[PDB]
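What's in protein_5.txt: compact mmCIF, N, CA and C atoms
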# COMPACT_ATOMS: atom_id res chain seq x y z
N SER B 1 10.16 126.42 -73.60
CA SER B 1 11.18 126.50 -72.48
C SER B 1 10.60 127.47 -71.49
N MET B 2 11.39 127.88 -70.49
CA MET B 2 10.94 128.91 -69.52
C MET B 2 10.37 130.19 -70.12
N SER B 3 9.09 130.48 -69.77
CA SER B 3 8.38 131.68 -70.28
C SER B 3 8.17 131.67 -71.85
N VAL B 4 8.25 130.49 -72.41
CA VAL B 4 8.09 130.25 -73.90
C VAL B 4 7.22 129.05 -74.13
N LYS B 5 5.95 129.35 -74.41
CA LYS B 5 4.96 128.31 -74.64
C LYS B 5 4.21 128.37 -75.93
N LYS B 6 4.02 127.20 -76.56
CA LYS B 6 3.07 127.05 -77.68
C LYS B 6 1.68 127.45 -77.22
N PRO B 7 0.84 127.90 -78.15
CA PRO B 7 -0.56 128.25 -77.83
C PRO B 7 -1.35 127.11 -77.07
N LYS B 8 -2.17 127.50 -76.07
CA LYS B 8 -2.84 126.53 -75.15
C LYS B 8 -4.04 125.82 -75.86
N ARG B 9 -3.82 124.59 -76.35
CA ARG B 9 -4.90 123.63 -76.73
C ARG B 9 -5.97 123.41 -75.62
N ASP B 10 -7.25 123.47 -76.01
CA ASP B 10 -8.34 123.36 -75.05
C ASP B 10 -8.49 121.86 -74.73
N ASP B 11 -8.14 121.51 -73.50
CA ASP B 11 -8.25 120.11 -73.01
C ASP B 11 -9.42 119.92 -72.03
N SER B 12 -10.28 120.94 -71.89
CA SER B 12 -11.36 120.92 -70.87
C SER B 12 -12.50 119.86 -71.08
N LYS B 13 -12.65 119.44 -72.30
CA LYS B 13 -13.58 118.40 -72.72
C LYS B 13 -12.98 116.99 -72.90
N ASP B 14 -11.69 116.87 -72.66
CA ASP B 14 -11.02 115.57 -72.94
C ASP B 14 -11.64 114.44 -72.08
N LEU B 15 -11.86 114.71 -70.79
CA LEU B 15 -12.45 113.71 -69.87
C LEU B 15 -13.79 113.18 -70.34
N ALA B 16 -14.69 114.09 -70.70
CA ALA B 16 -15.96 113.74 -71.25
C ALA B 16 -15.88 113.01 -72.54
N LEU B 17 -15.00 113.46 -73.42
CA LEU B 17 -14.87 112.80 -74.69
C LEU B 17 -14.23 111.35 -74.60
N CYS B 18 -13.22 111.20 -73.74
CA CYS B 18 -12.64 109.80 -73.48
C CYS B 18 -13.75 108.86 -72.93
N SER B 19 -14.61 109.42 -72.06
CA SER B 19 -15.73 108.66 -71.49
C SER B 19 -16.69 108.17 -72.58
N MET B 20 -16.98 109.03 -73.54
CA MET B 20 -17.81 108.68 -74.66
C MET B 20 -17.22 107.63 -75.56
N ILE B 21 -15.96 107.76 -75.90
CA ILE B 21 -15.26 106.71 -76.60
C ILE B 21 -15.35 105.36 -75.87
N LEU B 22 -15.07 105.40 -74.59
CA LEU B 22 -15.00 104.18 -73.79
C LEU B 22 -16.38 103.54 -73.76
N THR B 23 -17.48 104.37 -73.66
CA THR B 23 -18.85 103.84 -73.74
C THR B 23 -19.11 103.11 -75.05
N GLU B 24 -18.61 103.64 -76.17
CA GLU B 24 -18.77 103.08 -77.44
C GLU B 24 -17.97 101.75 -77.55
N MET B 25 -16.80 101.71 -76.91
CA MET B 25 -16.01 100.45 -76.88
C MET B 25 -16.76 99.38 -76.01
N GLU B 26 -17.30 99.77 -74.85
CA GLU B 26 -18.06 98.92 -73.95
C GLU B 26 -19.28 98.24 -74.61
N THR B 27 -19.92 98.94 -75.53
CA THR B 27 -21.15 98.50 -76.15
C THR B 27 -20.97 97.82 -77.47
N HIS B 28 -19.76 97.77 -78.00
CA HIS B 28 -19.48 97.05 -79.22
C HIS B 28 -19.72 95.54 -78.99
N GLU B 29 -20.31 94.89 -79.98
CA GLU B 29 -20.59 93.48 -79.84
C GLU B 29 -19.35 92.57 -79.62
N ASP B 30 -18.16 92.99 -80.05
CA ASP B 30 -16.94 92.25 -79.90
C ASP B 30 -16.12 92.68 -78.61
N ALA B 31 -16.74 93.37 -77.70
CA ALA B 31 -16.06 93.85 -76.52
C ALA B 31 -15.91 92.72 -75.47
N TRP B 32 -16.77 91.69 -75.56
CA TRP B 32 -16.88 90.64 -74.51
C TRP B 32 -15.56 90.06 -73.96
N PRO B 33 -14.49 89.91 -74.77
CA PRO B 33 -13.21 89.43 -74.13
C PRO B 33 -12.50 90.41 -73.20
N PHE B 34 -12.97 91.69 -73.26
CA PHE B 34 -12.25 92.85 -72.72
C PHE B 34 -13.03 93.56 -71.62
N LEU B 35 -14.25 93.15 -71.32
CA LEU B 35 -15.12 93.89 -70.37
C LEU B 35 -14.64 93.84 -68.93
N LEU B 36 -14.01 92.73 -68.56
CA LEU B 36 -13.63 92.44 -67.19
C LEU B 36 -12.23 91.94 -67.15
N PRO B 37 -11.55 92.09 -66.01
CA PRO B 37 -10.20 91.53 -65.92
C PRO B 37 -10.16 89.99 -66.15
N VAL B 38 -9.12 89.56 -66.84
CA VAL B 38 -8.87 88.12 -67.03
C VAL B 38 -8.74 87.49 -65.64
N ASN B 39 -9.38 86.32 -65.44
CA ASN B 39 -9.37 85.67 -64.09
C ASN B 39 -8.02 84.89 -63.94
N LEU B 40 -7.12 85.48 -63.18
CA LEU B 40 -5.76 84.97 -63.05
C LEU B 40 -5.65 83.67 -62.31
N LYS B 41 -6.68 83.33 -61.53
CA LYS B 41 -6.78 81.97 -60.94
C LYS B 41 -7.18 80.94 -61.96
N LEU B 42 -7.98 81.31 -62.97
CA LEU B 42 -8.58 80.33 -63.87
C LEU B 42 -8.02 80.25 -65.26
N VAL B 43 -7.05 81.10 -65.59
CA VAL B 43 -6.45 81.09 -66.95
C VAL B 43 -4.97 80.86 -66.79
N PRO B 44 -4.59 79.55 -66.88
CA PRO B 44 -3.15 79.22 -66.85
C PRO B 44 -2.30 80.07 -67.79
N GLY B 45 -1.17 80.49 -67.29
CA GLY B 45 -0.13 81.22 -68.00
C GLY B 45 -0.30 82.76 -68.01
N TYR B 46 -1.53 83.22 -67.79
CA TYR B 46 -1.80 84.71 -67.91
C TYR B 46 -1.02 85.58 -66.97
N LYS B 47 -1.02 85.16 -65.69
CA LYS B 47 -0.36 85.94 -64.65
C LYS B 47 1.13 86.13 -64.93
N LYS B 48 1.79 85.02 -65.27
CA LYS B 48 3.24 85.10 -65.55
C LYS B 48 3.63 85.82 -66.86
N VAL B 49 2.84 85.61 -67.90
CA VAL B 49 3.15 86.13 -69.20
C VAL B 49 2.80 87.61 -69.37
N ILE B 50 1.64 88.01 -68.88
CA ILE B 50 1.09 89.40 -69.17
C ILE B 50 1.40 90.26 -67.97
N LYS B 51 2.42 91.04 -68.13
CA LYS B 51 3.00 91.70 -66.98
C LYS B 51 2.08 92.85 -66.48
N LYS B 52 1.31 93.46 -67.39
CA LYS B 52 0.39 94.51 -66.99
C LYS B 52 -1.01 94.28 -67.59
N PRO B 53 -1.84 93.50 -66.90
CA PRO B 53 -3.22 93.20 -67.33
C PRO B 53 -4.01 94.51 -67.39
N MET B 54 -4.91 94.61 -68.38
CA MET B 54 -5.75 95.83 -68.48
C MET B 54 -7.06 95.40 -69.13
N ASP B 55 -8.17 96.04 -68.77
CA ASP B 55 -9.47 95.67 -69.33
C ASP B 55 -10.35 96.95 -69.27
N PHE B 56 -11.51 96.92 -69.94
CA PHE B 56 -12.35 98.13 -70.03
C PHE B 56 -12.89 98.56 -68.68
N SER B 57 -13.28 97.61 -67.81
CA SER B 57 -13.81 97.99 -66.47
C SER B 57 -12.77 98.69 -65.58
N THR B 58 -11.51 98.28 -65.68
CA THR B 58 -10.40 98.87 -64.99
C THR B 58 -10.11 100.27 -65.57
N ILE B 59 -10.18 100.42 -66.89
CA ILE B 59 -10.01 101.76 -67.49
C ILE B 59 -11.14 102.67 -67.02
N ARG B 60 -12.37 102.12 -67.01
CA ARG B 60 -13.54 102.92 -66.57
C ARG B 60 -13.36 103.42 -65.13
N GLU B 61 -12.89 102.56 -64.23
CA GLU B 61 -12.69 102.98 -62.84
C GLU B 61 -11.53 104.03 -62.72
N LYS B 62 -10.45 103.84 -63.48
CA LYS B 62 -9.34 104.78 -63.48
C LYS B 62 -9.84 106.17 -64.01
N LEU B 63 -10.63 106.13 -65.08
CA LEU B 63 -11.14 107.36 -65.70
C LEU B 63 -12.06 108.13 -64.72
N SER B 64 -13.00 107.39 -64.15
CA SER B 64 -13.93 107.94 -63.20
C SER B 64 -13.31 108.48 -61.91
N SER B 65 -12.07 108.17 -61.57
CA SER B 65 -11.48 108.46 -60.27
C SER B 65 -10.25 109.32 -60.44
N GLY B 66 -10.13 109.95 -61.62
CA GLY B 66 -8.99 110.87 -61.86
C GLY B 66 -7.65 110.34 -61.89
N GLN B 67 -7.51 109.06 -62.33
CA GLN B 67 -6.21 108.45 -62.40
C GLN B 67 -5.48 108.54 -63.79
N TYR B 68 -6.13 109.17 -64.75
CA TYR B 68 -5.48 109.54 -66.02
C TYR B 68 -5.08 111.05 -65.96
N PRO B 69 -3.77 111.30 -65.98
CA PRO B 69 -3.38 112.71 -66.02
C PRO B 69 -3.65 113.42 -67.31
N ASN B 70 -3.74 112.72 -68.44
CA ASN B 70 -4.00 113.38 -69.69
C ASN B 70 -4.56 112.34 -70.70
N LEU B 71 -5.03 112.81 -71.85
CA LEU B 71 -5.68 111.88 -72.82
C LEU B 71 -4.64 110.81 -73.36
N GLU B 72 -3.34 111.09 -73.40
CA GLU B 72 -2.35 110.11 -73.86
C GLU B 72 -2.20 108.89 -72.93
N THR B 73 -2.32 109.13 -71.62
CA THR B 73 -2.21 108.01 -70.69
C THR B 73 -3.45 107.12 -70.84
N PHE B 74 -4.59 107.70 -71.19
CA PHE B 74 -5.83 106.97 -71.44
C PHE B 74 -5.65 106.06 -72.65
N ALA B 75 -5.15 106.64 -73.74
CA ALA B 75 -4.94 105.82 -74.99
C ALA B 75 -3.94 104.68 -74.74
N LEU B 76 -2.90 104.93 -73.94
CA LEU B 76 -1.89 103.91 -73.66
C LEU B 76 -2.55 102.65 -72.99
N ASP B 77 -3.44 102.87 -72.04
CA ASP B 77 -4.18 101.76 -71.41
C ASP B 77 -5.13 101.06 -72.37
N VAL B 78 -5.82 101.79 -73.26
CA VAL B 78 -6.72 101.14 -74.21
C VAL B 78 -5.83 100.23 -75.11
N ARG B 79 -4.73 100.80 -75.60
CA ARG B 79 -3.83 100.04 -76.55
C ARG B 79 -3.22 98.82 -75.81
N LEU B 80 -2.88 98.95 -74.54
CA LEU B 80 -2.45 97.86 -73.69
C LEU B 80 -3.39 96.69 -73.71
N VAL B 81 -4.71 96.94 -73.67
CA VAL B 81 -5.71 95.90 -73.72
C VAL B 81 -5.50 95.06 -75.01
N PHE B 82 -5.31 95.75 -76.11
CA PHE B 82 -5.12 95.03 -77.40
C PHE B 82 -3.78 94.40 -77.65
N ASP B 83 -2.74 95.01 -77.13
CA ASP B 83 -1.42 94.44 -77.11
C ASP B 83 -1.33 93.21 -76.28
N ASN B 84 -1.93 93.24 -75.09
CA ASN B 84 -2.08 91.98 -74.28
C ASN B 84 -2.80 90.88 -75.01
N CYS B 85 -3.90 91.25 -75.67
CA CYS B 85 -4.71 90.26 -76.40
C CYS B 85 -3.83 89.57 -77.48
N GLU B 86 -3.10 90.38 -78.23
CA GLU B 86 -2.25 89.82 -79.31
C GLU B 86 -1.12 88.94 -78.74
N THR B 87 -0.62 89.32 -77.59
CA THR B 87 0.40 88.51 -76.93
C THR B 87 -0.09 87.09 -76.57
N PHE B 88 -1.33 86.96 -76.14
CA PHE B 88 -1.88 85.76 -75.61
C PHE B 88 -2.75 84.94 -76.54
N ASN B 89 -3.22 85.51 -77.66
CA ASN B 89 -4.24 84.85 -78.45
C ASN B 89 -3.75 84.78 -79.92
N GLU B 90 -3.97 83.62 -80.51
CA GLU B 90 -3.69 83.49 -81.93
C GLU B 90 -4.58 84.49 -82.72
N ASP B 91 -4.03 85.04 -83.80
CA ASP B 91 -4.82 85.85 -84.77
C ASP B 91 -6.08 85.13 -85.30
N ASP B 92 -5.94 83.84 -85.65
CA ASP B 92 -7.05 83.03 -86.10
C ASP B 92 -7.79 82.36 -84.93
N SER B 93 -8.43 83.19 -84.12
CA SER B 93 -9.27 82.76 -82.98
C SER B 93 -10.35 83.81 -82.83
N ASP B 94 -11.45 83.49 -82.18
CA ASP B 94 -12.50 84.46 -81.99
C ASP B 94 -11.96 85.67 -81.19
N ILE B 95 -11.23 85.40 -80.11
CA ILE B 95 -10.71 86.51 -79.27
C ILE B 95 -9.66 87.31 -80.03
N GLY B 96 -8.78 86.62 -80.79
CA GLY B 96 -7.70 87.25 -81.54
C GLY B 96 -8.36 88.25 -82.56
N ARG B 97 -9.37 87.79 -83.29
CA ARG B 97 -10.07 88.65 -84.26
C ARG B 97 -10.79 89.83 -83.55
N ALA B 98 -11.39 89.53 -82.41
CA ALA B 98 -12.07 90.54 -81.60
C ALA B 98 -11.09 91.63 -81.28
N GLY B 99 -9.89 91.26 -80.87
CA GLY B 99 -8.89 92.34 -80.50
C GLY B 99 -8.47 93.21 -81.65
N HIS B 100 -8.27 92.59 -82.81
CA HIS B 100 -7.96 93.43 -83.99
C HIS B 100 -9.07 94.34 -84.34
N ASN B 101 -10.33 93.85 -84.33
CA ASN B 101 -11.50 94.63 -84.67
C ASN B 101 -11.64 95.84 -83.73
N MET B 102 -11.49 95.57 -82.42
CA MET B 102 -11.65 96.63 -81.42
C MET B 102 -10.55 97.67 -81.50
N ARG B 103 -9.34 97.27 -81.77
CA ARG B 103 -8.24 98.22 -81.92
C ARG B 103 -8.49 99.18 -83.10
N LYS B 104 -8.87 98.60 -84.24
CA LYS B 104 -9.35 99.44 -85.38
C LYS B 104 -10.46 100.41 -85.04
N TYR B 105 -11.54 99.95 -84.38
CA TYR B 105 -12.63 100.73 -83.99
C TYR B 105 -12.15 101.90 -83.11
N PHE B 106 -11.32 101.56 -82.11
CA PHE B 106 -10.73 102.59 -81.24
C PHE B 106 -9.92 103.69 -81.99
N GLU B 107 -9.01 103.27 -82.84
CA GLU B 107 -8.06 104.16 -83.45
C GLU B 107 -8.79 105.15 -84.36
N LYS B 108 -9.89 104.71 -84.97
CA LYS B 108 -10.67 105.64 -85.82
C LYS B 108 -11.38 106.67 -84.95
N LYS B 109 -12.02 106.25 -83.85
CA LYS B 109 -12.66 107.18 -82.97
C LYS B 109 -11.66 108.16 -82.39
N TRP B 110 -10.46 107.67 -82.09
CA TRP B 110 -9.43 108.49 -81.48
C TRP B 110 -8.99 109.65 -82.47
N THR B 111 -8.69 109.27 -83.69
CA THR B 111 -8.32 110.21 -84.76
C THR B 111 -9.45 111.18 -85.06
N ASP B 112 -10.69 110.70 -85.17
CA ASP B 112 -11.81 111.56 -85.49
C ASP B 112 -12.17 112.52 -84.37
N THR B 113 -11.95 112.13 -83.11
CA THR B 113 -12.31 112.98 -82.00
C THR B 113 -11.25 114.04 -81.71
N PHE B 114 -9.98 113.71 -81.88
CA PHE B 114 -8.86 114.47 -81.37
C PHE B 114 -7.83 114.95 -82.43
N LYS B 115 -7.69 114.30 -83.58
CA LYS B 115 -6.70 114.69 -84.63
C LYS B 115 -7.36 115.45 -85.81
Would you mind writing the structure in this file as structure tokens?
Amino acid sequence: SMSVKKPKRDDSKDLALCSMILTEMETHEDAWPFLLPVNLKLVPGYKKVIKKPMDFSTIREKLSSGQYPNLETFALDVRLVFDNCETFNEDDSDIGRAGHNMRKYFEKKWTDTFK
């Protein structure tokens, strides 16, 4: 509350560390469905169904330009990528499996880097 604060966690490396995670997600062999925004002209149903499209290149530009206020807003966008994927793709599909794999890969890096 006013003039009552928990001890100050060092957040000075968070930007660099999110960048490293994101590089590791970019270079994963199963990243290919997620590298670029879904082409809304060429994929019927995407625009109407997926209310907030998100992809790794868009996260990279947001990260690089100071549009994440803290590491939690960064994780919310990464998770959005996988939540969108599950919304649109059957589990038993190459893309559906890719999204589960990448979400797992992310969540472990997230826990190991920050928890």
For the interface of segment 36-94 of chain B with segment 8-26 of chain B (cut-off 8 Å, counting only C-alpha atoms), please tabulate each contacting residue of segment 36-94 of chain B alongside its nearest pair of atoms and their separation in Å to one decimal, rows sorted by chain and increasing number, as a tab-separated table.
residue	atom	partner	partner_atom	distance
B:56	CA	B:26	CA	7.0
B:60	CA	B:22	CA	7.5
B:63	CA	B:19	CA	7.5
B:71	CA	B:14	CA	6.5
B:74	CA	B:18	CA	7.7
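Look at everything within 5 Å of (-9.2, 94.7, -64.7) using all atoms listed in the file, and the residues you get are residues 36, 37, 54, 55 and 58 of chain B.
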Counting only C-alpha atoms, which residue out of B:84, B:7, B:1, B:30 sits closest to residue 97 of chain B?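 Going through B:84, B:7, B:1, B:30 one by one, the smallest distance to residue 97 of chain B is for B:30.
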If you run DSSP on the backbone here, which positions in chain B get alpha helix (DSSP H)? Please write them as number ranges by chain. B: 14-27, 46-49, 56-64, 71-88, 94-114
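As for atom CA of residue 61 of chain B and atom CA of residue 94 of chain B, they are spaced 26.6 Å apart.
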For atom C of residue 99 of chain B and atom CA of residue 53 of chain B, determine how far apart the two atoms are, in Å to one decimal place.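 Interatomic distance, atom C of residue 99 of chain B to atom CA of residue 53 of chain B: 15.3 Å.
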Interatomic distance (Å, one decimal) between atom CA of residue 87 of chain B and atom CA of residue 72 of chain B: 22.0 Å
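You can rank B:44, B:67, B:102, B:52 by their closest distance to residue 80 of chain B using all atoms listed in the file, and at the top of that list sits B:52.
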For residue 34 of chain B, which residue out of B:92, B:47, B:98, B:65 is the nearest one, using only C-alpha atoms?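 Counting only C-alpha atoms, the residue closest to residue 34 of chain B is B:98.
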Write out as a list in words each polymer residue whose atoms come within 9 Å of residue 95 of chain B, counting only C-alpha atoms; drop sequence neighbours fewer than 5 positions from it. residues 30, 32, 33, 85, 89, 90 and 100 of chain B
Written file, previous selection with N, CA and C atoms, as a compact mmCIF listing (two decimals), in the frame of the given file:
# COMPACT_ATOMS: atom_id res chain seq x y z
N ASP B 30 -18.16 92.99 -80.05
CA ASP B 30 -16.94 92.25 -79.90
C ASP B 30 -16.12 92.68 -78.61
N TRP B 32 -16.77 91.69 -75.56
CA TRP B 32 -16.88 90.64 -74.51
C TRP B 32 -15.56 90.06 -73.96
N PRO B 33 -14.49 89.91 -74.77
CA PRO B 33 -13.21 89.43 -74.13
C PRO B 33 -12.50 90.41 -73.20
N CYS B 85 -3.90 91.25 -75.67
CA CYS B 85 -4.71 90.26 -76.40
C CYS B 85 -3.83 89.57 -77.48
N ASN B 89 -3.22 85.51 -77.66
CA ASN B 89 -4.24 84.85 -78.45
C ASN B 89 -3.75 84.78 -79.92
N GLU B 90 -3.97 83.62 -80.51
CA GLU B 90 -3.69 83.49 -81.93
C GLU B 90 -4.58 84.49 -82.72
N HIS B 100 -8.27 92.59 -82.81
CA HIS B 100 -7.96 93.43 -83.99
C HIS B 100 -9.07 94.34 -84.34
